[PDB]
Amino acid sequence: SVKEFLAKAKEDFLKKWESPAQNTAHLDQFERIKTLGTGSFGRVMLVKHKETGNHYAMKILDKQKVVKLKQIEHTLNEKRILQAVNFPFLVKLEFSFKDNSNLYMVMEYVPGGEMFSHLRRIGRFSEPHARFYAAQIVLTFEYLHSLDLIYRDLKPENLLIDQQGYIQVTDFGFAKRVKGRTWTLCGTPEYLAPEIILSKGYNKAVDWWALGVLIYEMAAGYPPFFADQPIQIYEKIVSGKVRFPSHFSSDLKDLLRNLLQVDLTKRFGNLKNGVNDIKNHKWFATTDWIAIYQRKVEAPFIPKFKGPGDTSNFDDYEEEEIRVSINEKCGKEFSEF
C-alpha cells in the first residue's frame, strides 16, 4: 500500500531526523579527482574513497561564504534532511564531516550527468520521455511531502541521470521541514510559484507548481516564463498567462493548466485528493506508478558509460586547491553539522 509504505518511511525518517549522523569520515580518506559542478558556496568533485575504491560526489561548502550569504540555517537543513531520507530517486548521502574551513557532504556519484545538459543539447524531450521523468518527480514529492518536507529547488540542473536512465534529485540546499506555512524567498526565478514572489506565505504546493514548470521545460525545450532578467520573469509568472507549443498534446496542456494554477484552491497536488489528482490525470494514463517505483520500466535514455570514474557526461570546470585554514572558522554556527 502507499499508506503502509509511507508510514514505514516516516518512522525511519524521524529516527534519523531526531538523531542525525555526524562526522562519519575525514577529508584524507578521499582522493579528489575532478569538479563536476559548482555553486555559490563551493563545488562538487568526483572523489575516490581510498580504502574501498568506491567513487562518490563530494560537495564542499566554504563556511565563510555560507555565512556571508546568510545561508547557515539552510545549510543545516540541507544536511539534516538529506542524511535522514531514503527514496530510490533521491541522491544518497554516504558521509558528512567538516574541518576548519569547509563543510563536506559525500554523496553517491550519479554518472549520467545533469538532465539540464541532455535537455539543452537534444532541444526538447518527447512526451513519453518527459513523462517518465515527471513520474519519478511525482513519487519523490509524494514521499518528501509525507515527511513535511518542501524541496523548493526543482530544475533540470538538479536532476542527475543514473546508469539505468532514472533520475536522482540533488541539492537539498532549500529543503525545509515545515508543518504549515513558510515565507523565505528562495528557489530559482523561472521555477518560483506566484505566492513566493508575492510574499504571501506558502506551502508544499509550490513544489507542484515547479513540477508544472519542469514538465513544460522538458516538453517544450524552454520554460513557460523566461526573460533576460529575473524581474521580468516574475512579472510573467504573476501574470500567470501561459502559452503552449502547438505540438503539446491536449492532455499535456490540461495537466499543465492545473499545475501552473495561480489559485491554490484549484492547483493540482493541493486538493482533497492530493497527489492522486496528478497520478490519475489522463496524460499519465499510460504510467505504471508501481513499476516506476520498482525501476522496472525501460528508460527512454541510457547514458554513455565508458568506465567507473568517467565524467564525460559532465561539463568541465576550473579547478582550485582545497585549502584548509589552520584556524577554525565559524565553529559555533555549524556546531550541529
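Residue indices: 1-based, along the sequence shown. Note that the rigid core is defined as the largest set of C-alphas that superpose within 1.5 Å between two forms.
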query	finding
Farther-lying stretch by C-alpha RMS in 9 other deposited structures of this protein (rigid core fit) among 324-332, 18-26	324-332
Higher C-alpha RMS shift from the shown form in 9 other deposited structures of this protein - 209-217 or 94-102, rigid core fit	94-102
Of 201-209 and 261-269, the one with larger mean CA B-factor	261-269
Mean C-alpha B-factor comparison - 226-234 and 71-79, higher one	226-234
Residue, from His49, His281, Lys65, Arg43, that the PDB entry assigns the highest Cα B-factor	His281
Which of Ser101, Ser250, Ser96, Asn158 ranks first by CA B-factor in the deposited coordinates	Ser250
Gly180 - Cα temperature factor, lowest/middle/highest third of chain	highest
For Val297, the third of its chain into which the C-alpha B factor falls	highest
Assigned third (lowest, middle, highest) for the C-alpha B factor of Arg243	middle
Entry-reported Cα temperature factor of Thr24, expressed as the chain third it lands in	middle
Record-listed C-alpha B factor of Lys59: chain third	lowest
